[PDB]
Novice: 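I'd like to ask some things about the structure below.
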Amino acid sequence: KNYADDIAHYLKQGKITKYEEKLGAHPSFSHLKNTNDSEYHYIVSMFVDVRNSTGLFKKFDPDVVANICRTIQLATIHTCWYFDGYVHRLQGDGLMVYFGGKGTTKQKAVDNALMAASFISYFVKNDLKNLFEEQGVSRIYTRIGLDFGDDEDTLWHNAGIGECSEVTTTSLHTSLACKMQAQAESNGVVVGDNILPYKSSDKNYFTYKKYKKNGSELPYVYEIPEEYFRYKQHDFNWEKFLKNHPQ
Amino acid sequence: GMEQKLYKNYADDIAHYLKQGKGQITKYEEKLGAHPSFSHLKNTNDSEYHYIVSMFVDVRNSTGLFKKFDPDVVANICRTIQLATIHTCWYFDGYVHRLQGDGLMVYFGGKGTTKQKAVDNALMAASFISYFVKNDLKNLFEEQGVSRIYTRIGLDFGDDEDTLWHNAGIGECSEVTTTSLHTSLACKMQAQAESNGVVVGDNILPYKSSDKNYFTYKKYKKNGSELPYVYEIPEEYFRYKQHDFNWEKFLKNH
C-alpha cells in the first residue's frame, strides 16, 4: 500500500532485504570474477518489463517520472527479495532476476519465481488500478518472461573487461526467458516448457501459447529439429495461482 | 579509415569459434551503472540535470547460435563481439553504463565534454560498431549454418533540463542512471533501425549541419502501422522525428 500511496501522490504532481547484494554478481558464482573459470549450473531466469512508462513524460516532469518508476522498481525488487530472488541487472524499464542457486532446490527456485511473478503482476495490475488512467496518461503494465535451464544448458562465466564486466549466464533458456517476456499479455507472465514439470504440468495454471512474430504465428519459441527440440511457451494464470493457494 | 583494419583479430576469433560446432588507464576502472560525472549520487536522494547522448546497441540473431553451438562457444562468440564494442566505445570516450546479454547501453558526454564532441563521438562509435558487424563478420555465420547476426543502434541527445541523473534501486542493488525522454527514445529508436542500421532523434541533427547527406527522416512503425513522430506532446507543440543515419557514407566522407 505504501508504494501505491507514494505513486498516487506522485501522480498528483502534474506539470526481507538484501542491501549488500551487488548487481552482476550472483552470490553462488561471484567467485568467478577476476578468474578465467566457469561452471554449469541450473537457474530460473526471469525478465520483468515495465511498459508505457515513457508516456509519463507527456504529463509529468522528469523528477516525478523518476519517483514513479523507481517506486515501481523498488516494489519489484522487494517482491523478488521476499522470494529469495537475486536481482542481477536493473533496466530503465525492468529487471533481470535469477532464482535458484547452490543452496536451493530446482522446485523451490521455480515456486519462488512463480510467486514473485504473480505478486509483481498483482501490484502493477491491481494495487495501481486506474491511477494512471485517472491522470490522463497511458496505463503502465508489466510483462514477465520465465524459463528454467538445467545444469548442462546453463553456463556461468565472466563477461566484459575490467570493471565493465559481470558474472552472468550464457544459456538458451535465459535468452528464451527474455524472448517470452516480449510475448506476455498485459500484466501477464509467459513461461517455457521446462517450468511445467515443476508444477505437475497443470493446465490449471498454464495454457499453451503460440509464438507471435511480426503479425504471424509459429508453434514454438525455439526449434532444433536435429535434436527433436520444439520448445513451447505458455501463458501462466497467476491470478488463479494466487487464489488457489493456502497462503 | 581506422575501422578497415581495427577488428581483424575479433573477426578471426569469431571465425575460429564458428568452426567449433557440436583509450585511457582508468576506463578499465569504470564500473557499470556509475557514470564518472555522476557516480557520487549513489546511496543518496540527490539528483542533477545534465545533458547526455544515450546510445542503445542491440545484437540480433545471436540466440540462433544455440542451434549449432554449445554454451561455451556461444559465450566466446558473443563476448568477442562485446569486447570489440566496448573497445570501440572507449576509443570514442563513451561510458559503458549497462551490459545486456545481447547488447550495451552507452552514454556519450559528461561534465568535461562539449555537447558537440559528445554527438561526434557517438556517431563515430555507432558507425564503427555497425561497420564491424556488417562488413568484418559478413558471411561468417552463414558459412557455419547459423542465421546472420546484425546490430541495431538507437541514438538520442538530451539537453540539461530534460536529463535527470539520479540513483535507482537500493543499497548495492542500485545504479546511477538517467530519467529522460531522450534515453527512453534512444531505446525505442533502436527497435526502429534496419539491419546493421542506426536511428537518431531530432536533437542529433543540428550537431551535424542537419545534413540530408547522412540523415533520412523515417516514420515510426507500431503494430504494422506508421506514425509521423516517435513522440508527440501536442500541448507543447512537441513533434519528435526519427531519422536513419547513413553511417557508411559518414565513414566514406572522413
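Every chain is numbered from 1, with letters handed out A, B, ... down the list of sequences. Atoms considered below: every heavy atom in the structure, side chains included; atoms not considered: hydrogens, waters and symmetry mates.
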Novice: Got more than 12 heavy atoms from elsewhere within 6.0 Å of OH, B:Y91?
Specialist: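 No - once you tally the heavy atoms of other residues, nucleotides and ligands closer than 6.0 Å, there are 12 at most.
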
Novice: Would you call A:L172 and B:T63 a side-chain contact if the rule is heavy atoms closer than 4.5 Å?
Specialist: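 When only atoms from C-beta onward are counted, B:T63 and A:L172 do touch, with a gap below 4.5 Å.
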
Novice: Heavy-atom distance under 4.5 Å to chain A: side chain of B:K22, backbone, both or neither?
Specialist: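 It is the side chain, since no backbone atom gets that close.
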
Novice: Which value, rounded to the nearest 0.5 Å, describes the distance between B:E30 atom CD and A:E163 atom CD?
Specialist: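 CD of A:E163 is found 10.5 Å from CD of B:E30.
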
Novice: Do A:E166 and B:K31 sit within salt-bridge range, that is, some charged N less than 4.0 Å from a carboxylate O?
Specialist: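 No salt bridge links A:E166 with B:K31.
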
Novice: Got a sec: does the NZ of A:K18 have more than 12 other heavy atoms crowding it under 6.0 Å?
Specialist: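 Atom NZ in A:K18 is not crowded, with 12 or fewer foreign heavy atoms closer than 6.0 Å.
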
Novice: Should we say atom NZ of A:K209 is surrounded by more than 12 heavy atoms from elsewhere, each under 6.0 Å from it?
Specialist: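 Yes - once you tally the heavy atoms of other residues, nucleotides and ligands closer than 6.0 Å, there are more than 12.
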
Novice: Can you tell me how far the CG atom of A:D61 sits from the CG atom of B:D162, to the nearest 0.5 Å?
Specialist: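 Result: 9.5 Å between the selected atoms.
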
Novice: When rounded to the nearest 0.5 angstrom, what distance separates CZ in A:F57 from OG in B:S180?
Specialist: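 One gets 6.0 Å once the value is rounded to the nearest 0.5 Å.
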
Novice: Do you know which two heavy atoms are closest between A:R89 and B:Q100, and how far apart they sit?
Specialist: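 The answer is CZ-CA, 3.9 Å.
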
Novice: Between A:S175, A:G162, A:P62, A:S53, which has the largest tally of heavy atom pairs under 4.5 Å with chain B?
Specialist: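 Top count of heavy-atom pairs under 4.5 Å with chain B: A:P62.
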
Novice: Would you say NE2 of B:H16 has more than 12 non-hydrogen atoms from neighbouring residues, nucleotides or ligands within 6.0 angstrom?
Specialist: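 Open: at most 12 neighbouring heavy atoms sit under 6.0 Å from NE2 of B:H16.
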
Novice: Out of B:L164, B:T85, B:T177, B:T163, return the one with the most heavy atom pairs under 4.5 angstrom to chain A.
Specialist: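 Sorted descending by pairs with chain A, the first entry is B:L164.
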
Novice: Can you tell which part of A:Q73 gets under 4.5 Å to a heavy atom of chain B, answering side chain, backbone, both or neither?
Specialist: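 Interface part for A:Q73: side chain.
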
Novice: Quick check for you: among A:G160, A:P225, A:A66, which has the greatest number of heavy-atom pairs under 4.5 Å with chain B?
Specialist: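 Looking at each of A:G160, A:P225, A:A66 in turn, A:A66 comes out on top.
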
Novice: Could you tell me which portion of A:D63 (side chain, backbone, both or neither) has an atom closer than 4.5 angstrom to a non-hydrogen atom of chain B?
Specialist: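 Contact with chain B is through both the backbone and side chain of A:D63.
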
Novice: Other residues, nucleotides and ligands only: do more than 12 of their heavy atoms fall within 6.0 Å of CD on A:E20?
Specialist: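 Open.
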
Novice: Could you measure the distance from the CG atom of B:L99 to the CD1 atom of A:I161? Nearest 0.5 Å is fine.
Specialist: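 Rounded to the nearest 0.5 Å, the CG-CD1 separation comes out at 10.5 Å.
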
Novice: Counting only heavy atoms not in A:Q13 (residues, nucleotides, ligands), do more than 12 fall under 6.0 Å from its CD?
Specialist: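 Check passes, neighbour count above 12.
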
Novice: Measure B:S174 against the heavy atoms of chain A and call it side chain, backbone, both or neither at under 4.5 Å.
Specialist: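 It is the backbone, since no side chain atom gets that close.
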
Novice: Look at B:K68 together with A:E227 and state whether they make a salt bridge at an N to O cut-off of under 4.0 Å.
Specialist: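 Judged by the 4.0 Å cut-off on N to carboxylate O distance, B:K68 and A:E227 do not form a salt bridge.
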
Novice: Could you look at B:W90 and say if it's the side chain, the backbone, both or neither that has a heavy atom under 4.5 Å from chain A?
Specialist: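 B:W90 touches chain A through side-chain heavy atoms alone.
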
Novice: More than 12 heavy atoms of other residues, nucleotides or ligands under 6.0 Å from NZ of B:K27: yes or no?
Specialist: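 More than 12 heavy atoms, drawn from other residues, nucleotides or ligands, come within 6.0 Å of this atom.
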
Novice: If you count heavy atoms of other groups shown closer than 6.0 angstrom to NZ of B:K111, is the number above 12?
Specialist: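 Enclosed.
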
Novice: Using non-hydrogen atoms only, which part of B:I86 is less than 4.5 Å away from chain A: side chain, backbone, both, or neither?
Specialist: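 Side chain of B:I86 only, per the 4.5 Å heavy-atom cut-off to chain A.
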
Novice: Under 4.5 Å from any heavy atom of chain B, what part of A:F229 do you find: side chain, backbone, both or neither?
Specialist: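 When you check distances to chain B, no heavy atom of A:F229 falls under 4.5 Å.
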
Novice: Nearest 0.5 Å, what's the SG-NE2 distance between A:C164 and B:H87?
Specialist: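 Output value for this atom pair is 9.5 Å.
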
Novice: Is any residue of residues 211-224 of chain A within less than 4.5 Å of chain B by heavy atoms, and which ones?
Specialist: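 From residues 211-224 of chain A, the residues near chain B are A:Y222, A:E223, A:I224.
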
Novice: Please classify the contact of B:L83 with chain A as side chain, backbone, both or neither, using a heavy-atom distance under 4.5 Å.
Specialist: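 B:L83 touches chain A through side-chain heavy atoms alone.
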
Novice: Among B:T179, B:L32, B:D102, B:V74, single out the residue with the greatest number of heavy-atom pairs under 4.5 Å to chain A.
Specialist: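 Looking at each option in turn, the highest pair count goes to B:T179.
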
Novice: In Å, rounded to the nearest 0.5 Å, how long is the span from CZ of A:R70 to CG of B:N167?
Specialist: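 With rounding to 0.5 Å, CZ (A:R70) is 6.0 Å from CG (B:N167).
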
Novice: Answer with side chain, backbone, both or neither: which region of B:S47 has an atom nearer than 4.5 Å to a non-hydrogen atom of chain A?
Specialist: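 B:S47 has no heavy atom closer than 4.5 Å to chain A.
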
